[PDB]
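A.B. asks: If you scroll down you'll find the structure; I have some questions about it.
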Amino acid sequence: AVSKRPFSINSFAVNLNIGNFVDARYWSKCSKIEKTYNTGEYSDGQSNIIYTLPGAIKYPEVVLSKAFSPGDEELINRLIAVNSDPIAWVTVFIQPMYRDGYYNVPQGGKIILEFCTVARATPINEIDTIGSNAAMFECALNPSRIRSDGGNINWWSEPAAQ
Amino acid sequence: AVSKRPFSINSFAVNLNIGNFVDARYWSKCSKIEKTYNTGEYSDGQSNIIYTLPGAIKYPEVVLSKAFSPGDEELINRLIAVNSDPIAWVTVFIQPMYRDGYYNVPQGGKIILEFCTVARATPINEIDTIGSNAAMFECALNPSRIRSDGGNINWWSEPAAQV
Amino acid sequence: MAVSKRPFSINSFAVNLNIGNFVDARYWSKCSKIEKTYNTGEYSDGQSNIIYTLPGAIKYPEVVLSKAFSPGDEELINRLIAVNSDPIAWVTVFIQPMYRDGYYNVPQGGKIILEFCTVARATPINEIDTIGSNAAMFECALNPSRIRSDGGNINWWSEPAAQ
Amino acid sequence: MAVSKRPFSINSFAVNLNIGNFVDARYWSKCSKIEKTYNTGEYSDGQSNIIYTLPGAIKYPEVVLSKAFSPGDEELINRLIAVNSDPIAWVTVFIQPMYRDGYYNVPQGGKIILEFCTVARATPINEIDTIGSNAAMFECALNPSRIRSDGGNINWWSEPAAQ
Amino acid sequence: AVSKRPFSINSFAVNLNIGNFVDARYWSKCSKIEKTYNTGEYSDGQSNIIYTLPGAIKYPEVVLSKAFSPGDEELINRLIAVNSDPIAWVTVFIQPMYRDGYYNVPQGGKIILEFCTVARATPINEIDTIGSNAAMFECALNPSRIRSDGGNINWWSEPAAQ
Amino acid sequence: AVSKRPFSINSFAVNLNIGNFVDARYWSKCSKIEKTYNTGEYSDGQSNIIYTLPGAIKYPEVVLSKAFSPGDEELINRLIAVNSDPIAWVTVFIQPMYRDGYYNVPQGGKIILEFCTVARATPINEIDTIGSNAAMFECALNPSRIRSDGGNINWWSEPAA
Amino acid sequence: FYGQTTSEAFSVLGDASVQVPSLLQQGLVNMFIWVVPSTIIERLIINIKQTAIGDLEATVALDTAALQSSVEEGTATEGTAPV
Amino acid sequence: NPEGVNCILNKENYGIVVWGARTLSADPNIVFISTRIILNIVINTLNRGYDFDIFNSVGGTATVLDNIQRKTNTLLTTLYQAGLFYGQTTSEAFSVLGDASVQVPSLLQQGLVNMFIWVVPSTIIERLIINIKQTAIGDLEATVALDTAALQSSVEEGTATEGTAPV
Amino acid sequence: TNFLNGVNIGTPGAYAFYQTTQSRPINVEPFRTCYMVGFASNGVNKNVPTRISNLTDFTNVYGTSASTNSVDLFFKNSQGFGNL
């Protein structure tokens with residue numbers, strides 16, 4: 001029963017809100033997105049099995065990447081300056097969509113990595129006068145929270161006081 | 001030569017019971033299922049041979065993976081929220097069969113990983129506008145026990161006090 | 001001089017198990033290396049700046065057996081899982097070297113016997129992949145305490161004993 | 001016993017397409033091999049050094065259709081370019097075996113149906129050469145997911161799905 | 001001088017047993033029948049000559065072909081189903097003969113490939129609406145053993161005791 | 001300008017003396033042979049350059065290997081028993097040569113690893129009923145000294161008085 | 001539909017081999033369809049057995065073997081219905 | 001027991017057990033009831049298989065004989081996989097001859113078909129003999145080596161049975 | 001010889017005997033034999049080379065003979081290998 005197709009790796013669009021700036025540049029790559037649980041070990045004393053206790057949630061670092069193109073000087077300066085303001089935060093918007101060229105079918109809302117701090121800004125991955133790969137802008141972010149609000153699926157409802 | 005053809009790596013069906021929720025989704029991949037014994041070294045004093053002593057059984061972390069498809073929003077939410085309830089835990093059901101296509105012919109019960117805690121939920125393994133692989137939804141689980149009850153083979157009968 | 005006898009091949013051994021009081025008739029198609037390892041300490045004689053090695057604390061490293069996971073392995077799973085629960089129970093490994101062509105084993109010499117082995121790891125399923133085509137791999141790690149041989153004429157392993 | 005009924009020729013098969021909700025009226029004059037492939041793994045029973053092959057991970061290989069690029073193929077091109085954009089849309093291939101002398105096809109049996117096919121390639125023009133005299137060939141590559149047959153008194157690809 | 005006149009490439013009849021049911025169809029083409037020894041390298045230490053050690057016997061894949069004709073529907077529907085049953089096997093029977101027309105002259109037993117698994121089933125080699133070749137049914141089998149049973153000549157005998 | 005084609009990797013024959021037993025089996029492989037110097041750092045105080053001071057000579061462990069063939073049970077037992085006697089030692093003889101086939105033409109003496117202790121005996125590197133490689137007997141040895149006594153060319157001469 | 005596949009769910013027959021020229025001249029076209037509709041759960045029966053201490057695994061093995069063998073042989077329904 | 005009487009015994013720690021598996025035959029080849037049952041199973045399996053072949057037209061090709069040989073092979077293969085025969089391969093297990101080269105047209109006209117089968121039935125363990133030596137302290141390995149070499153050589157070159165049977 | 005002990009037993013079951021000395025026969029190849037030309041009063045095998053299994057067999061067949069010491073020495077030194 002092959003009905004609705006599964007999302008592909010290319011089936012997402014990534015955007016950034018850098019402080020008070022709504023950056024319009026689209027990013028080509030992103031790393032994995034999870035909710036990681038740190039763990040401790042324990043026993044109930046009635047057995048010799050090691051039981052795992054979750055704790056100290058963490059959302060691991062996310063590495064965005066794109067092709068370094070003119071007009072990226074604004075993005076470079078914004079990402080270099082965002083951390084200077086303790087009120088300033090970086091927000092990551094990931095909209096899934098069924099992509100075909102420039103055609104897309106966005107369904108559901110958009111994952112939002114909220115309150116992210118910049119940990120690394122690499123405008124040039126490397127320089128090689130004989131190389132032919134596209135220069136890559138990279139940016140590492142440490143998110144604090146994840147939510148979803150744009151649409152009609154909302155697939156990151158964290159537990160709350162219902 | 002051979003009689004019964006051995007199980008293939010594709011010869012298992014994986015299902016999840018997330019808390020009080022029974023999920024109809026099937027997972028395409030699962031890591032290895034083990035019962036490890038932590039070991040301590042000792043000697044009997046009569047020789048210089050190092051002897052190994054089992055103890056502190058552990059069932060290692062198991063990583064399930066599947067293709068990230070619509071309808072997995074509820075699965076993501078349930079897996080994210082399960083650990084918030086101290087009573088709730090995840091159960092993994094693995095039934096061995098001999099699938100031709102959609103023609104599974106299962107025999108024996110199913111290996112049940114009981115009392116599992118989520119350690120990692122990764123809806124998207126990565127993003128690449130030039131990539132062509134299917135996005136992978138991964139979930140890491142820490143099981144506490146293994147058993148089997150729904151068939152006529154019972155391939156994980158743990159030791160018990162048999163009077 | 002000239003090769004009168006062709007050497008043993010990697011496939012030239014038959015592996016069997018004795019799990020506690022049970023004699024398992026199943027054969028294992030893979031086994032790791034068999035060793036007698038010496039733990040070494042460094043010393044000097046005082047007349048030179050050369051570092052001399054001193055053997056001691058013999059250890060026989062862990063041996064990993066592997067085979068194809070097929071029906072009828074549930075008894076093997078249960079026995080391997082339960083053997084360590086009895087302090088009197090051990091696992092014995094019998095390796096018979098031979099010169100088989102097909103099903104035409106030609107066993108000459110005795111069998112190397114890993115005596116008094118404790119289970120350290122039991123993995124009925126090495127991996128699950130609904131798209132994979134490899135055969136599911138039963139694995140078992142054992143910690144032997146001693147090695148000997150008793151059967152046929154050739155005594156492959158003889159530990160030094162009083163003359 | 002003897003030759004009473006002549007076998008099918010390579011030209012004895014008419015190819016049709018369904019592109020999403022579009023029933024295409026055009027015919028295809030060339031289709032590649034129709035296959036069911038079993039990806040194979042290797043194993044041993046431990047009683048011999050004979051290599052045994054284990055089937056698994058069925059896949060129906062890519063099918064390449066070709067025809068003469070003629071006016072009225074613009075809608076076919078625009079449909080094939082757009083099928084994959086819709087996650088619900090699929091390509092269905094219909095092959096009817098017949099015994100056509102000229103335009104007097106004699107259909108016997110049902111029609112083989114390749115269901116749930118995705119477009120991997122669309123080549124409106126195989127090549128251009130103002131000196132060439134061959135007919136321009138429109139090609140399309142399809143990755144099918146299933147095969148069956150339902151169109152007549154003879155069913156060619158009954159799966160063992162029926163338990 | 002020459003007397004018995006040797007075998008021709010057409011001097012064999014090929015038959016199949018698919019699971020528990022006996023196929024009455026014949027195959028007009030079969031690939032090589034072989035026993036391959038995977039070889040290992042070693043040295044005796046007395047010379048730099050490379051020695052080869054046989055091991056890990058295998059019987060390579062065998063491709064059977066015939067003319068796709070009505071009546072092969074059951075053959076297809078059963079070659080599809082063989083692997084689904086872990087008990088079912090495909091057995092290949094090759095009878096060497098000295099046929100003129102329909103006047104086969106069998107001599108010796110029939111070579112039997114035992115315990116074969118289906119790796120490939122191709123009812124239609126290709127379609128060409130203006131082609132003239134005969135449609136070619138193909139089937140690839142991975143055999144596990146070879147023997148010879150039904151005659152006064154043992155065409156194949158694996159080493160055994162006595 | 002090259003006259004003598006140099007020694008190849010296949011240009012050595014390896015033999016063992018296990019305790020009081022002169023073992024006649026030849027080994028197919030051996031690891032690297034060196035005289036390694038452990039080092040300490042220092043300075044002369046008049047500059048910021050780190051100077052190296054040799055010390056604590058060591059001869060690194062040598063791993064011999066061969067094809068596991070019948071008649072190797074004697075070798076297995078001897079190598080398993082040698083360390084049991086504190087007087088017993090293992091000696092490794094390496095004769096360089098220029099063998100075409102069986103036509104070795106030794107030139108020079110034979111390098112001798114004297115007073116070696118067994119650290120590891122592996123009669124079977126692994127088992128696999130589908131494998132085709134030759135089973136390998138391995139033996140790890142810790143030598144104490146190196147010399148050479150046989151033919152004209154002395155290869156290893158430590159600094160004596 | 002009931003079935004893991006379309007070849008288990010439905011089947012169609014509407015080609016020209018089932019059309020009659022005389023009816024076509026009148027404007028008639030005949031189509032033949034077969035379908036296997038899905039069913040529903042109406043009554044669910046719980047057959048639960050009470051086991052002594054210790055013998056649960058053996059009792060389960062025996063009873064499960066018997067039940068599975070009966071179902072696969074089709075002998076499960078061969079009997080008299082109790083009220 | 002050598003006369004074909006199978007006894008039933010009340011063994012302590014075991015219960016009531018049959019301690020005999022011999023037939024009434026004087027033929028040494030069918031001494032054990034297991035061999036008789038194995039042969040009967042082979043014969044009855046083949047007969048039930050051929051019951052479907054009875055009353056079948058013998059067309060021009062005479063393909064029915066080849067089909068019968070095929071069916072016999074598959075039937076006996078499953079009996080080998082069950083384990084009724086001795087050996088390591090079907091070649092050592094059984095053999096069949098049912099082609100048209102053994103069919104006489106004169107008999108076919110009457111409706112007679114001849115099939116020839118050879119099988120090697122599995123044997124059993126009846127009495128188990130323990131021949132154990134009592135060595136002095138120290139010479140265990142040497143005595144074992146010598147005696148094992150002697151026994152293996154004698155068995156290998158067939159002189160093991162050469163010798164008188166005690167009492 | 002260590003294999004026929006259970007032949008003359010009708011009842012099924014496990015039985016125990018002592019492991020006796022088992023003779024290991026020789027493979028037939030040149031220079032595995034010694035031919036002793038001697039005399040015995042009883043002309044059992046006059047001018048006929050006869051295999052001898054041991055000194056006891058020699059005495060039983062030929063009785064008294066001046067070659068008895070030579071036969072005993074041969075068997076003691078050969079230790080069951082080689083033929084006389």
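Within each chain, counting starts at residue 1; across the structure tokens, chains are named A, B, ... in the order shown, with ligands numbered 1 upward in that order.
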I need the strand (DSSP E or B) residues of range 41-134 of chain A per DSSP on the backbone, written as a PyMOL selection string.
C.D. replies: chain A and resi 41-42+49+51-58+62-67+90-97+100+103+106+111-122
A.B. asks: Hey, can you spit out that residue selection with C-alpha atoms as an mmCIF file, in the first residue's frame?
C.D. replies:
data_model
loop_
_atom_site.group_PDB
_atom_site.id
_atom_site.type_symbol
_atom_site.label_atom_id
_atom_site.label_comp_id
_atom_site.auth_asym_id
_atom_site.auth_seq_id
_atom_site.Cartn_x
_atom_site.Cartn_y
_atom_site.Cartn_z
ATOM 1 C CA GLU A 41 22.100 4.479 35.716
ATOM 2 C CA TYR A 42 20.386 2.965 38.735
ATOM 3 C CA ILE A 49 19.719 -5.084 35.940
ATOM 4 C CA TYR A 51 18.016 0.743 34.606
ATOM 5 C CA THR A 52 18.244 4.031 32.707
ATOM 6 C CA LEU A 53 16.918 7.285 34.192
ATOM 7 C CA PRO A 54 16.384 10.177 31.733
ATOM 8 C CA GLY A 55 17.264 13.734 32.640
ATOM 9 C CA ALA A 56 18.973 16.947 31.570
ATOM 10 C CA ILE A 57 17.276 17.337 28.204
ATOM 11 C CA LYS A 58 19.403 18.846 25.446
ATOM 12 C CA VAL A 62 22.541 22.164 14.448
ATOM 13 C CA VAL A 63 24.890 22.971 11.559
ATOM 14 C CA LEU A 64 23.290 24.923 8.712
ATOM 15 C CA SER A 65 25.130 25.309 5.417
ATOM 16 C CA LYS A 66 24.584 27.045 2.089
ATOM 17 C CA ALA A 67 26.463 28.246 -0.976
ATOM 18 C CA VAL A 90 18.568 33.235 16.385
ATOM 19 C CA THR A 91 15.403 31.416 15.297
ATOM 20 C CA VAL A 92 15.455 28.595 12.735
ATOM 21 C CA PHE A 93 12.349 27.954 10.608
ATOM 22 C CA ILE A 94 12.120 24.556 8.878
ATOM 23 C CA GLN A 95 9.109 24.130 6.586
ATOM 24 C CA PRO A 96 8.625 20.598 5.210
ATOM 25 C CA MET A 97 7.259 20.427 1.689
ATOM 26 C CA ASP A 100 9.705 19.443 -7.415
ATOM 27 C CA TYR A 103 7.157 23.731 -7.092
ATOM 28 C CA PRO A 106 3.981 22.832 2.175
ATOM 29 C CA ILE A 111 9.437 23.411 12.967
ATOM 30 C CA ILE A 112 10.847 26.383 14.852
ATOM 31 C CA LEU A 113 14.117 26.126 16.755
ATOM 32 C CA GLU A 114 13.605 28.931 19.271
ATOM 33 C CA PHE A 115 16.302 30.804 21.185
ATOM 34 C CA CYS A 116 19.393 29.611 19.348
ATOM 35 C CA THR A 117 22.872 30.979 20.020
ATOM 36 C CA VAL A 118 25.596 31.104 17.380
ATOM 37 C CA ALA A 119 28.541 28.828 18.170
ATOM 38 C CA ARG A 120 30.444 28.989 14.863
ATOM 39 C CA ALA A 121 30.394 31.122 11.693
ATOM 40 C CA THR A 122 32.451 29.887 8.716
#
A.B. asks: Could you pull out the residues in chain B that DSSP calls helix (DSSP H, G or I) from the backbone, as a ChimeraX atom specification?
C.D. replies: /B:73-82
A.B. asks: Now that the selection is made, can you save its residues with N, CA and C atoms as a short mmCIF file (atom, residue, chain, number, x, y, z; two decimals), in the first residue's frame?
C.D. replies:
data_model
loop_
_atom_site.label_atom_id
_atom_site.label_comp_id
_atom_site.auth_asym_id
_atom_site.auth_seq_id
_atom_site.Cartn_x
_atom_site.Cartn_y
_atom_site.Cartn_z
N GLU B 73 3.58 12.63 12.53
CA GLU B 73 3.52 13.72 13.50
C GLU B 73 3.09 13.20 14.87
N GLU B 74 2.06 12.35 14.90
CA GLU B 74 1.60 11.80 16.17
C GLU B 74 2.65 10.88 16.77
N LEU B 75 3.36 10.11 15.94
CA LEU B 75 4.44 9.28 16.45
C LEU B 75 5.53 10.14 17.09
N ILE B 76 5.90 11.24 16.43
CA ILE B 76 6.91 12.14 16.98
C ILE B 76 6.45 12.68 18.32
N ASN B 77 5.21 13.16 18.39
CA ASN B 77 4.72 13.73 19.63
C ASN B 77 4.67 12.70 20.75
N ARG B 78 4.19 11.49 20.46
CA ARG B 78 4.12 10.45 21.47
C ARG B 78 5.50 10.06 21.98
N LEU B 79 6.47 9.88 21.07
CA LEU B 79 7.82 9.53 21.49
C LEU B 79 8.46 10.66 22.29
N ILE B 80 8.18 11.92 21.92
CA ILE B 80 8.73 13.05 22.64
C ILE B 80 8.14 13.14 24.04
N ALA B 81 6.86 12.80 24.20
CA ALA B 81 6.16 13.00 25.46
C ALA B 81 6.18 11.78 26.38
N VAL B 82 6.59 10.61 25.89
CA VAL B 82 6.45 9.40 26.70
C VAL B 82 7.27 9.51 27.99
#
A.B. asks: What residues in chain H lie within 12 Å of chain B, counting only C-alpha atoms, written as a list in words?
C.D. replies: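 Contact residues on the first chain: residues 77, 78, 79, 80, 81, 82, 83, 87, 88, 89, 90 and 91 of chain H.
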A.B. asks: Could you write those residues out with N, CA and C atoms, as a PDB file, in the first residue's frame?
C.D. replies:
ATOM      1  N   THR H  77      13.618 -37.079  -1.272  1.00  0.00           N
ATOM      2  CA  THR H  77      14.452 -35.994  -0.775  1.00  0.00           C
ATOM      3  C   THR H  77      13.892 -35.541   0.560  1.00  0.00           C
ATOM      4  N   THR H  78      12.577 -35.361   0.638  1.00  0.00           N
ATOM      5  CA  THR H  78      11.962 -34.961   1.897  1.00  0.00           C
ATOM      6  C   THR H  78      12.106 -36.025   2.976  1.00  0.00           C
ATOM      7  N   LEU H  79      12.188 -37.295   2.589  1.00  0.00           N
ATOM      8  CA  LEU H  79      12.414 -38.351   3.573  1.00  0.00           C
ATOM      9  C   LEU H  79      13.847 -38.298   4.078  1.00  0.00           C
ATOM     10  N   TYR H  80      14.776 -37.874   3.228  1.00  0.00           N
ATOM     11  CA  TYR H  80      16.160 -37.717   3.657  1.00  0.00           C
ATOM     12  C   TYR H  80      16.256 -36.507   4.570  1.00  0.00           C
ATOM     13  N   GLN H  81      15.510 -35.453   4.249  1.00  0.00           N
ATOM     14  CA  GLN H  81      15.527 -34.250   5.072  1.00  0.00           C
ATOM     15  C   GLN H  81      14.858 -34.529   6.403  1.00  0.00           C
ATOM     16  N   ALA H  82      13.934 -35.485   6.435  1.00  0.00           N
ATOM     17  CA  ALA H  82      13.329 -35.873   7.701  1.00  0.00           C
ATOM     18  C   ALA H  82      14.388 -36.637   8.464  1.00  0.00           C
ATOM     19  N   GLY H  83      15.185 -37.431   7.758  1.00  0.00           N
ATOM     20  CA  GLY H  83      16.285 -38.123   8.404  1.00  0.00           C
ATOM     21  C   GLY H  83      16.187 -39.630   8.446  1.00  0.00           C
ATOM     22  N   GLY H  87      24.013 -41.261   5.955  1.00  0.00           N
ATOM     23  CA  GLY H  87      24.972 -40.611   5.082  1.00  0.00           C
ATOM     24  C   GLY H  87      25.091 -39.117   5.305  1.00  0.00           C
ATOM     25  N   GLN H  88      25.756 -38.431   4.371  1.00  0.00           N
ATOM     26  CA  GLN H  88      25.880 -36.977   4.449  1.00  0.00           C
ATOM     27  C   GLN H  88      25.258 -36.289   3.239  1.00  0.00           C
ATOM     28  N   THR H  89      24.859 -37.058   2.223  1.00  0.00           N
ATOM     29  CA  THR H  89      24.239 -36.514   1.024  1.00  0.00           C
ATOM     30  C   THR H  89      23.184 -37.469   0.475  1.00  0.00           C
ATOM     31  N   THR H  90      22.272 -36.909  -0.325  1.00  0.00           N
ATOM     32  CA  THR H  90      21.244 -37.724  -0.965  1.00  0.00           C
ATOM     33  C   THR H  90      21.867 -38.820  -1.819  1.00  0.00           C
ATOM     34  N   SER H  91      23.037 -38.545  -2.404  1.00  0.00           N
ATOM     35  CA  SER H  91      23.723 -39.553  -3.200  1.00  0.00           C
ATOM     36  C   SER H  91      24.053 -40.792  -2.384  1.00  0.00           C
TER      37      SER H  91
END
A.B. asks: Could you list the residues in chain F lying within 7 Å of chain C, using only C-alpha atoms, and format the result as a ChimeraX atom specification?
C.D. replies: /F:55-58,67-70,73,76-77,80-81,119-135,142,144
A.B. asks: Residues within 6 Å of range 4-20 of chain G, please, as a list in words. Count only C-alpha atoms; anything in the same chain fewer than 5 positions from it doesn't count.
C.D. replies: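 My reading of the contact set: residues 150 and 151 of chain D; 31, 32, 33, 34, 35 and 36 of chain G.
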A.B. asks: Rounded to one decimal place, report the CA of residue 139 in chain F-CA of residue 118 in chain C distance in Å.
C.D. replies: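 About the pair CA of residue 139 in chain F and CA of residue 118 in chain C: they are 25.8 Å apart.
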A.B. asks: Using only C-alpha atoms, which protein or nucleic acid residues come within 12 Å of residue 144 in chain H? Drop anything in the same chain fewer than 6 positions from it, and give the result as a short mmCIF file (atom, residue, chain, number, x, y, z; two decimals) with N, CA, C and O atoms, in the first residue's frame.
C.D. replies:
data_model
loop_
_atom_site.label_atom_id
_atom_site.label_comp_id
_atom_site.auth_asym_id
_atom_site.auth_seq_id
_atom_site.Cartn_x
_atom_site.Cartn_y
_atom_site.Cartn_z
N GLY C 110 42.93 -34.67 17.16
CA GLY C 110 41.90 -34.44 18.15
C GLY C 110 41.14 -33.16 17.87
O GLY C 110 41.11 -32.65 16.75
N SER C 149 42.93 -30.65 24.54
CA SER C 149 42.44 -31.49 23.46
C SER C 149 42.60 -32.95 23.87
O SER C 149 43.63 -33.32 24.44
N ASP C 150 41.58 -33.76 23.58
CA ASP C 150 41.61 -35.16 24.00
C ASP C 150 41.36 -36.26 22.96
O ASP C 150 41.89 -37.37 23.10
N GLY C 151 40.53 -35.99 21.96
CA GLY C 151 40.14 -37.01 20.99
C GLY C 151 41.11 -37.85 20.18
O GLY C 151 41.60 -38.87 20.66
N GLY C 152 41.35 -37.47 18.93
CA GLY C 152 42.23 -38.23 18.06
C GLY C 152 43.71 -38.16 18.38
O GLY C 152 44.12 -37.46 19.31
N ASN C 153 44.52 -38.88 17.61
CA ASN C 153 45.96 -38.95 17.87
C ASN C 153 46.66 -37.63 18.13
O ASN C 153 47.34 -37.48 19.15
N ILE C 154 46.52 -36.67 17.23
CA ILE C 154 47.23 -35.41 17.38
C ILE C 154 46.73 -34.54 18.52
O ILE C 154 45.58 -34.10 18.52
N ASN C 155 47.58 -34.32 19.52
CA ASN C 155 47.21 -33.44 20.62
C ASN C 155 47.64 -32.04 20.23
O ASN C 155 48.81 -31.69 20.34
N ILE H 132 37.79 -48.69 28.77
CA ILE H 132 38.51 -47.63 29.46
C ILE H 132 39.72 -48.22 30.17
O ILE H 132 39.63 -49.30 30.77
N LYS H 133 40.84 -47.52 30.08
CA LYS H 133 42.13 -47.89 30.63
C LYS H 133 42.41 -47.11 31.91
O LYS H 133 42.03 -45.94 32.04
N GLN H 134 43.08 -47.76 32.85
CA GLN H 134 43.50 -47.13 34.10
C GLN H 134 45.01 -46.85 34.13
O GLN H 134 45.81 -47.74 34.40
N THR H 135 45.37 -45.61 33.84
CA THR H 135 46.78 -45.24 33.76
C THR H 135 47.40 -44.85 35.10
O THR H 135 46.71 -44.49 36.05
N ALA H 136 48.72 -44.93 35.16
CA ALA H 136 49.45 -44.45 36.32
C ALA H 136 49.53 -42.93 36.28
O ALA H 136 49.25 -42.28 35.27
N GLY H 138 50.96 -39.67 35.65
CA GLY H 138 52.03 -39.04 34.89
C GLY H 138 52.06 -39.39 33.41
O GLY H 138 52.44 -38.55 32.59
N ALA H 150 47.04 -46.40 17.69
CA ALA H 150 46.78 -47.79 17.33
C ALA H 150 45.33 -47.98 16.90
O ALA H 150 45.05 -48.57 15.84
N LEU H 151 44.39 -47.48 17.70
CA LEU H 151 42.97 -47.68 17.41
C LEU H 151 42.58 -47.01 16.10
O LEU H 151 41.88 -47.60 15.27
N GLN H 152 43.02 -45.76 15.91
CA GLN H 152 42.66 -45.04 14.69
C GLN H 152 43.23 -45.73 13.46
O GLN H 152 42.54 -45.85 12.44
N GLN I 19 40.33 -51.55 28.44
CA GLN I 19 41.02 -51.28 27.20
C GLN I 19 42.31 -52.08 27.15
O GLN I 19 43.25 -51.79 27.88
N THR I 21 45.63 -54.07 24.95
CA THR I 21 46.60 -53.63 23.96
C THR I 21 46.07 -53.93 22.58
O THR I 21 45.78 -55.08 22.25
#
A.B. asks: Pick out the residues sitting within 10 Å of residue 86 in chain C, and hand them over as a list in words; count only C-alpha atoms, and ignore anything fewer than 3 positions along from it in its own chain.
C.D. replies: residues 159 of chain B; 20, 82, 83, 89 and 90 of chain C
A.B. asks: Which residues of range 4-94 of chain A come within 12 Å of range 136-152 of chain B, and what is each one's closest atom pair and distance in Å (one decimal), counting only C-alpha atoms, sorted by chain and residue number, as a tab-separated table?
C.D. replies:
residue	atom	partner	partner_atom	distance
A:6	CA	B:136	CA	9.4
A:7	CA	B:136	CA	8.8
A:8	CA	B:136	CA	8.6
A:9	CA	B:136	CA	8.2
A:10	CA	B:136	CA	12.0
A:11	CA	B:136	CA	12.0
A:32	CA	B:136	CA	9.9
A:33	CA	B:137	CA	10.1
A:34	CA	B:138	CA	9.2
A:35	CA	B:139	CA	10.3
A:36	CA	B:140	CA	9.7
A:37	CA	B:140	CA	10.2
A:39	CA	B:142	CA	10.1
A:40	CA	B:142	CA	11.6
A:41	CA	B:142	CA	11.1
A:42	CA	B:144	CA	11.6
A:43	CA	B:144	CA	10.9
A:44	CA	B:144	CA	11.9
A:47	CA	B:144	CA	11.3
A:48	CA	B:144	CA	11.1
A:49	CA	B:144	CA	7.4
A:50	CA	B:144	CA	7.7
A:51	CA	B:144	CA	6.4
A:52	CA	B:142	CA	6.9
A:53	CA	B:142	CA	9.7
A:54	CA	B:142	CA	10.1
A.B. asks: So that I can see what lies close to range 70-75 of chain I, please list as a PyMOL selection string the residues with an atom at most 8 Å from it, counting only C-alpha atoms and leaving out residues fewer than 4 positions away in the same chain.
C.D. replies: chain I and resi 54-55+58+79-80
A.B. asks: Contacts between chain B and chain G, please, where a residue of chain G counts if it comes within 10 Å (with only C-alpha atoms); show its shortest atom pair and distance in Å to one decimal, rows by chain and ascending number, as CSV.
C.D. replies:
residue,atom,partner,partner_atom,distance
G:3,CA,B:102,CA,9.8
G:4,CA,B:102,CA,6.4
G:5,CA,B:102,CA,7.6
G:53,CA,B:163,CA,8.9
G:54,CA,B:162,CA,6.2
G:55,CA,B:162,CA,8.3
G:57,CA,B:157,CA,8.7
G:60,CA,B:152,CA,8.3
G:61,CA,B:152,CA,5.9
G:62,CA,B:152,CA,8.2
G:63,CA,B:152,CA,8.8
G:64,CA,B:152,CA,5.7
G:65,CA,B:152,CA,5.4
G:66,CA,B:152,CA,9.1
G:67,CA,B:152,CA,9.4
G:68,CA,B:152,CA,7.8
G:69,CA,B:152,CA,9.7
A.B. asks: Leaving out residue 15 in chain I and any residue of its chain fewer than 5 positions from it, which residues lie within 7 Å of it when counting only C-alpha atoms, given as a ChimeraX atom specification?
C.D. replies: /H:128-130
A.B. asks: From the options H:17, H:75, H:37, H:137, which residue's atoms come nearest to chain C, counting only C-alpha atoms?
C.D. replies: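 The answer is H:137, which sits nearest to chain C.
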A.B. asks: Quick one: contact table of chain H to chain C, 6 Å max, nearest atom pair and distance in Å to one decimal per residue, counting only C-alpha atoms, chain and number order, as a tab-separated table?
C.D. replies:
residue	atom	partner	partner_atom	distance
H:145	CA	C:153	CA	5.5
H:148	CA	C:153	CA	5.3
H:149	CA	C:153	CA	5.2
